[PDB]
């Protein structure tokens, strides 16, 4: 029933618009460049002439313009049409940008939600898809089913509009560093003639291990106490130096491993040699 507008038809905007069409919502789409939305119009979407007209077609307005200046130059001149509607910004930025956008929106009577998409664009709309939301609570609760359609696992994280980005930046810090180590381990093995698909089945043993450490590292971090009950940081530093040694011998770039080693070395230098790996947060905070 509820009409929704998607402004910006890049990859993200196209995927978001597709999810709304799948769920059965009337969808209006606007793109600066023609032909981005033709597949969606063939699937039932209505293409709008102007951003102002697009805004007027929706109670919920998703903005998916990736560049900041362009997004602001589109939204601010149509602030009067946005009043009384729910504006949802889905692009990945910084937590401060989300609060500054929040301050603009309430000066013009716009209920504002800042969002973060946490899954690849192909997974948008699935039950498993995770999306973070922060801002006006009544806006999220009123149109909860719309956001569930974009993500089954989509979650609200508080009224402070920067909290979506905080949650987002915390997870993708973990994700991209892990992907860096994933590629690097495969490279290290490839230097000894082992195919990556020979290692891949065994990396599921360390995936389930990682899942356990996620909770254990979280408790130690909030407690400010790292037990070191199993293992010790000084030994963990040593094992990392073995990976460094072998990778440097094979001619690989080791700037990441050196940085991982150096932050842990800092924590050891601050007296945590007997503590668990969680104690490396002291090295990260005190460079």
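Residue numbers count along the first chain shown, from 1.
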| property | result |
| --- | --- |
| Residue range whose averaged C-alpha B-factor is higher in the record, 171-179 or 205-213 | 205-213 |
| 218-226 or 30-38, whichever carries the higher mean Cα B-factor | 30-38 |
| Out of 63, 260, 254, 69, residue topping the C-alpha B-factor column of the entry | 69 |
| CA B-factor ranking of residue 236, expressed as a third of its chain | lowest |
| Chain thirds of CA B-factor: placement of residue 89 | lowest |
| Position of residue 1 among the chain's modelled residues by C-alpha B-factor, lowest, middle or highest third | highest |
| Ranked against its chain, the third holding the CA B-factor of residue 185 | lowest |
| Lowest, middle or highest third - CA B-factor, residue 271 | highest |
